[PDB]
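Listing of coords.pdb; format and content: PDB, C-alpha atoms.
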```pdb
ATOM      1  CA  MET V   1       0.733  15.224 -10.649  1.00  0.00           C
ATOM      2  CA  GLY V   2       3.648  13.626 -10.764  1.00  0.00           C
ATOM      3  CA  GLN V   3       4.300  13.157  -7.264  1.00  0.00           C
ATOM      4  CA  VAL V   4       4.406   9.989  -5.194  1.00  0.00           C
ATOM      5  CA  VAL V   5       4.065   9.309  -1.484  1.00  0.00           C
ATOM      6  CA  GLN V   6       6.723   7.092   0.041  1.00  0.00           C
ATOM      7  CA  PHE V   7       6.323   4.693   2.938  1.00  0.00           C
ATOM      8  CA  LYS V   8       9.081   4.380   5.516  1.00  0.00           C
ATOM      9  CA  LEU V   9       9.660   1.717   8.175  1.00  0.00           C
ATOM     10  CA  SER V  10       7.894   2.966  11.256  1.00  0.00           C
ATOM     11  CA  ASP V  11       7.500   1.167  14.362  1.00  0.00           C
ATOM     12  CA  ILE V  12      10.867   1.023  15.832  1.00  0.00           C
ATOM     13  CA  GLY V  13      13.288   3.629  16.893  1.00  0.00           C
ATOM     14  CA  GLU V  14      16.280   4.956  15.199  1.00  0.00           C
ATOM     15  CA  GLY V  15      18.768   2.906  16.933  1.00  0.00           C
ATOM     16  CA  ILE V  16      17.162  -0.219  18.165  1.00  0.00           C
ATOM     17  CA  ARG V  17      16.409  -3.418  16.320  1.00  0.00           C
ATOM     18  CA  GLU V  18      14.831  -3.241  12.885  1.00  0.00           C
ATOM     19  CA  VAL V  19      11.807  -5.119  11.543  1.00  0.00           C
ATOM     20  CA  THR V  20      11.201  -7.464   8.619  1.00  0.00           C
ATOM     21  CA  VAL V  21       8.235  -7.565   6.274  1.00  0.00           C
ATOM     22  CA  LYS V  22       5.714 -10.275   7.119  1.00  0.00           C
ATOM     23  CA  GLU V  23       3.299  -9.687   4.245  1.00  0.00           C
ATOM     24  CA  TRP V  24       3.892  -8.321   0.749  1.00  0.00           C
ATOM     25  CA  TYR V  25       0.994  -7.783  -1.658  1.00  0.00           C
ATOM     26  CA  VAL V  26       2.588  -5.416  -4.175  1.00  0.00           C
ATOM     27  CA  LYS V  27       5.535  -5.149  -6.563  1.00  0.00           C
ATOM     28  CA  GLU V  28       7.630  -2.548  -8.382  1.00  0.00           C
ATOM     29  CA  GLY V  29       5.653  -0.820 -11.117  1.00  0.00           C
ATOM     30  CA  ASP V  30       2.520  -2.399  -9.646  1.00  0.00           C
ATOM     31  CA  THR V  31      -0.652  -0.632  -8.553  1.00  0.00           C
ATOM     32  CA  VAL V  32      -2.285  -0.910  -5.136  1.00  0.00           C
ATOM     33  CA  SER V  33      -5.944  -1.020  -4.129  1.00  0.00           C
ATOM     34  CA  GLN V  34      -8.067  -0.293  -1.071  1.00  0.00           C
ATOM     35  CA  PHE V  35      -8.087  -4.019  -0.399  1.00  0.00           C
ATOM     36  CA  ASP V  36      -4.551  -4.677  -1.610  1.00  0.00           C
ATOM     37  CA  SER V  37      -2.192  -3.609   1.170  1.00  0.00           C
ATOM     38  CA  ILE V  38       1.387  -2.638   0.335  1.00  0.00           C
ATOM     39  CA  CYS V  39       3.648  -3.915   3.100  1.00  0.00           C
ATOM     40  CA  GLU V  40       3.065  -5.453   6.509  1.00  0.00           C
ATOM     41  CA  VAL V  41       5.608  -5.820   9.302  1.00  0.00           C
ATOM     42  CA  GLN V  42       5.352  -7.582  12.653  1.00  0.00           C
ATOM     43  CA  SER V  43       7.628  -7.092  15.644  1.00  0.00           C
ATOM     44  CA  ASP V  44       7.806  -8.844  18.996  1.00  0.00           C
ATOM     45  CA  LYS V  45       6.623  -5.587  20.457  1.00  0.00           C
ATOM     46  CA  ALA V  46       3.778  -4.687  18.127  1.00  0.00           C
ATOM     47  CA  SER V  47       2.400  -5.620  14.724  1.00  0.00           C
ATOM     48  CA  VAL V  48       1.914  -3.016  12.018  1.00  0.00           C
ATOM     49  CA  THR V  49       0.024  -3.346   8.752  1.00  0.00           C
ATOM     50  CA  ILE V  50       0.154  -0.816   5.928  1.00  0.00           C
ATOM     51  CA  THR V  51      -3.135  -0.490   4.089  1.00  0.00           C
ATOM     52  CA  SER V  52      -3.868   1.602   1.023  1.00  0.00           C
ATOM     53  CA  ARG V  53      -7.316   3.100   1.533  1.00  0.00           C
ATOM     54  CA  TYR V  54      -7.108   4.000  -2.165  1.00  0.00           C
ATOM     55  CA  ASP V  55      -5.606   2.872  -5.456  1.00  0.00           C
ATOM     56  CA  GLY V  56      -2.024   3.944  -5.998  1.00  0.00           C
ATOM     57  CA  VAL V  57       0.914   3.222  -8.279  1.00  0.00           C
ATOM     58  CA  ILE V  58       3.993   1.523  -6.810  1.00  0.00           C
ATOM     59  CA  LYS V  59       7.215   1.971  -8.770  1.00  0.00           C
ATOM     60  CA  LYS V  60       9.896   0.300  -6.646  1.00  0.00           C
ATOM     61  CA  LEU V  61      10.230  -2.022  -3.665  1.00  0.00           C
ATOM     62  CA  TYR V  62      13.544  -2.788  -1.990  1.00  0.00           C
ATOM     63  CA  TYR V  63      12.570  -4.675   1.162  1.00  0.00           C
ATOM     64  CA  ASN V  64      10.816  -8.043   1.000  1.00  0.00           C
ATOM     65  CA  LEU V  65       9.255 -10.549   3.369  1.00  0.00           C
ATOM     66  CA  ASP V  66      12.785 -11.454   4.483  1.00  0.00           C
ATOM     67  CA  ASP V  67      14.465  -8.039   4.415  1.00  0.00           C
ATOM     68  CA  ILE V  68      14.496  -5.698   7.408  1.00  0.00           C
ATOM     69  CA  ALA V  69      13.667  -2.028   7.256  1.00  0.00           C
ATOM     70  CA  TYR V  70      15.107   0.766   9.375  1.00  0.00           C
ATOM     71  CA  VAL V  71      13.373   3.869  10.648  1.00  0.00           C
ATOM     72  CA  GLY V  72      14.474   7.144   9.177  1.00  0.00           C
ATOM     73  CA  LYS V  73      14.436   6.364   5.485  1.00  0.00           C
ATOM     74  CA  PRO V  74      11.653   5.626   2.964  1.00  0.00           C
ATOM     75  CA  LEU V  75      11.436   2.205   1.428  1.00  0.00           C
ATOM     76  CA  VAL V  76       8.807   2.440  -1.310  1.00  0.00           C
ATOM     77  CA  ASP V  77       7.311   5.161  -3.506  1.00  0.00           C
ATOM     78  CA  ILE V  78       3.605   5.048  -4.326  1.00  0.00           C
ATOM     79  CA  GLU V  79       1.129   7.444  -5.900  1.00  0.00           C
ATOM     80  CA  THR V  80      -1.912   8.011  -3.702  1.00  0.00           C
ATOM     81  CA  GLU V  81      -4.359  10.814  -2.971  1.00  0.00           C
ATOM     82  CA  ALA V  82      -3.121  13.404  -0.492  1.00  0.00           C
ATOM     83  CA  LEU V  83      -2.914  11.587   2.792  1.00  0.00           C
ATOM     84  CA  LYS V  84      -2.090  13.088   6.159  1.00  0.00           C
ATOM     85  CA  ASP V  85       0.186  10.249   6.700  1.00  0.00           C
ATOM     86  CA  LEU V  86       2.911  11.576   4.964  1.00  0.00           C
ATOM     87  CA  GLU V  87       1.397  14.334   4.623  1.00  0.00           C
TER
END
```

Would you kindly transcribe this structure into structure tokens?
Amino acid sequence: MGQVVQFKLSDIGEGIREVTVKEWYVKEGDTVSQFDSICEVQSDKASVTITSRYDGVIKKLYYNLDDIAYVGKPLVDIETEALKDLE
């Protein structure tokens, strides 16, 4: 009801190098699907992919395939069923 779950860069530590998005399959104001992942980042250390597992509404996206995200702050807000992930 009116609430959205936000995804934040996770993979690196709060002080080390940041990571860029390798795959983007969503846009601001766009909806996601179980097959349509939101953002995917890959680092020399490990590769992380963010799936949906459900259909949600994405309102804004700041980081792109070229931009780097930092741990400690959300990057995108999406509406999805209560997930342990964020919650």

Problem set entry | Point-to-point distance from CA of residue 2 (chain V) to CA of residue 61 (chain V), Å rounded to tenths | 18.4 Å

Exercise. Hey, what's within 6 Å of residue 20 (chain V) if we count all atoms listed in the file and toss same-chain stuff fewer than 3 positions away? As a count of residues only, please?
Worked result: 4

Exercise. Do you know which residues the PyMOL selection byres ((chain V and resi 11) around 9) returns on this file, as a list in words?
Worked result: residues 9, 10, 12, 13, 18, 19, 41, 43, 46, 47, 48 and 71 of chain V

Once the PyMOL selection byres ((chain V and resi 1) around 12) has been applied to the shown file, what residues remain in the selection, as a CSV table (one decimal) with C-alpha atoms, in the coordinates of the input?
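The resulting selection26.csv:
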```csv
chain,number,residue,atom,x,y,z
V,2,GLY,CA,3.6,13.6,-10.8
V,3,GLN,CA,4.3,13.2,-7.3
V,4,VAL,CA,4.4,10.0,-5.2
V,5,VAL,CA,4.1,9.3,-1.5
V,79,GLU,CA,1.1,7.4,-5.9
V,80,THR,CA,-1.9,8.0,-3.7
V,81,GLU,CA,-4.4,10.8,-3.0
V,82,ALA,CA,-3.1,13.4,-0.5
```

Exercise. Which is closer to residue 30 (chain V) than all the others in V:76, V:49, V:62, V:57, using only C-alpha atoms?
Worked result: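 So, comparing all the options, the nearest one is V:57.
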
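Nearest-residue note for residue 85 (chain V): choosing from V:50, V:32, V:38, V:65, the minimum distance belongs to V:50, counting all atoms listed in the file.
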
Exercise. What lies within 6 Å of residue 28 (chain V) using all atoms listed in the file, ignoring chain neighbours under 6 positions off, as a ChimeraX atom specification?
Worked result: /V:58-61
